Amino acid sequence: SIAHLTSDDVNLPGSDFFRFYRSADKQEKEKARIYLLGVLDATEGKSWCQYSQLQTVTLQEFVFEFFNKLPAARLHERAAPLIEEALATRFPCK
């Protein structure tokens, strides 16, 4: 596993992301939420829609719930596509 989240942690596994995402350290949790922000901005209006209709806390809640219900086997997948899947499947562009 990765100890703490840095900008060098490319190909970030779902398990590592999810650990930082839930961190009791507010700065660590914020860093994980910023990784999420990058993924959101990269995919919004393309695979899922959309900022005008969905608050950041809403996006954050649904991402958490997806990760929380994920079979342990899937946590080895990269964090970004998992996040994308979470939102694409619930909030498609129409």
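For every residue, the number given is its place in the sequence shown, counted from 1.
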Per the PDB record, is the mean Cα temperature factor higher over 37-45 or over 62-70? 62-70
Could you tell me which third, lowest, middle or highest, the C-alpha B-factor of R22 occupies within its chain? lowest
Tell me, lowest, middle or highest third: where does the Cα B factor of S7 rank within its chain? lowest
For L82, the third of its chain into which the C-alpha B factor falls: middle
